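Peer 1: Here the authors' numbering = 1-based position in the first sequence + 294.
Even for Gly, the Cβ is constructed at its ideal location relative to N, Cα and C.
After the structure tokens below, expect a handful of questions from me.
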Amino acid sequence: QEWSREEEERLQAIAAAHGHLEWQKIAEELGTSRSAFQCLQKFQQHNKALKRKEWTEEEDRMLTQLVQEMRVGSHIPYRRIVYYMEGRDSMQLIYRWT
DNA sequence: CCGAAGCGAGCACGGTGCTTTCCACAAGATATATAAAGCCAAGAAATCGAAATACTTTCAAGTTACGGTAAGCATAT
């Protein structure tokens with residue numbers, strides 16, 4: 295069975311109280327009868343730390359270097375930017391050249 | 001007719017511990033025939049497994065309609 299949007303709060307609370315070291319004990323103390331890998335995916339999907347914030351200037355240098363080094367025609371491989379630049383997903387990163 | 005010289009020679013060398021070509025004619029070989037019985041054995045007909053050239057669905061990617069605050073400039077008091 296899927297979640298009911300009521301266990302992620304206690305999950306992140308226990309993860310912050312323990313230090314995000316061992317997710318197995320966290321899942322066992324949470325009492326969901328599910329594997330740690332099955333709940334960690336939804337935890338990271340509901341987490342906000344995976345995203346980014348207002349754009350700086352020093353990262354523009356790296357983006358321009360990566361473009362001038364591995365861009366082809368009118369297509370830009372933003373997946374390479376996701377691989378190199380941490381924090382940027384594939385959805386909202388394309389705006390960096392839109 | 002004896003004499004010299006080769007010359008071939010029996011004689012010794014210790015104790016022990018077979019193939020094929022024909023007359024012999026007396027058997028063999030090949031010949032049906034039931035007849036029950038299961039199996040082996042090659043030629044078709046039916047059946048099923050592997051899969052490739054196709055269809056559904058999943059999944060990555062960018063471009064899409066729709067804001068979230070924030071900053072430079074006009075004009076009233």
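Just how far apart, CA to CA, sit residue 380 and residue 366?
Peer 2: Roughly 22 Å separates the two Cα atoms.
Peer 1: DSSP three-state label for residue 340, please.
Peer 2: Helix.
Peer 1: Assuming residue 378 contacts residue 388 under a Cβ cut-off of 8 Å, what Cβ separation, rounded to an integer in Å, is found between them?
Peer 2: Contact flag wrong, Cβ pair sits at about 15 Å.
Peer 1: Counting C-beta neighbours from all protein chains within 10 Å, is the total for residue 317 16 or more, i.e. buried, or is it exposed?
Peer 2: So residue 317 counts as buried.
Peer 1: Throw me the rounded Cβ distance for the residue 333 and residue 315 pair, which I believe falls under 8 Å.
Peer 2: Incorrect: roughly 16 Å between the Cβ atoms, too far for contact.
Peer 1: Using three-state DSSP, classify residue 369 as helix, strand or coil.
Peer 2: In the structure shown, residue 369 sits in a strand (DSSP, three-state: E or B).
Peer 1: Roughly how many angstroms separate the alpha carbons of residue 321 and residue 345, rounded to a whole number?
Peer 2: Their Cα atoms are separated by approximately 24 Å.
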